[PDB]
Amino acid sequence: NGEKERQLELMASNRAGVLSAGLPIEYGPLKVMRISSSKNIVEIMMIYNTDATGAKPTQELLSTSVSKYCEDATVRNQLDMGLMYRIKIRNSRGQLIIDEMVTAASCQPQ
């Protein structure tokens, strides 16, 4: 429906607002800098501190992104209802190194 799409867009906007108020927040070498929405997508922008780690663990950042969002009760409900999360991770130079959609399908077996 148009009404279900409208509801998801309003949910994505509200949830981006809620999460924005607490920024920036660090989780080890990740610093969450910016949260936005677009349609039914919550966009999470983080700096991965390449300067501090001397590493670029792309595989690990992706696998831990999928598992952490999927295992969060609130995000998992949101995904199943039709919200999607877009995870953008930049290195210390601000260069984009990960740009990955997490959807309800991401959490399912395949």
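Position 1 is the first residue in the sequence shown; the rest follow in order.
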Out of 5-13 and 98-106, which stretch has the higher average CA B-factor listed in the record? 5-13
For the listed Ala55, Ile35, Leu79, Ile41, which has the peak Cα B-factor recorded in the PDB entry? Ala55
Ordered by C-alpha B-factor within the chain, which third holds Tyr85? Give me lowest, middle or highest, please. lowest
With respect to C-alpha B-factor, does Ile25 fall in the lowest, middle or highest third of the chain as deposited? highest
Of the three thirds of Cα B-factor ranks in this chain, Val66 occupies the highest
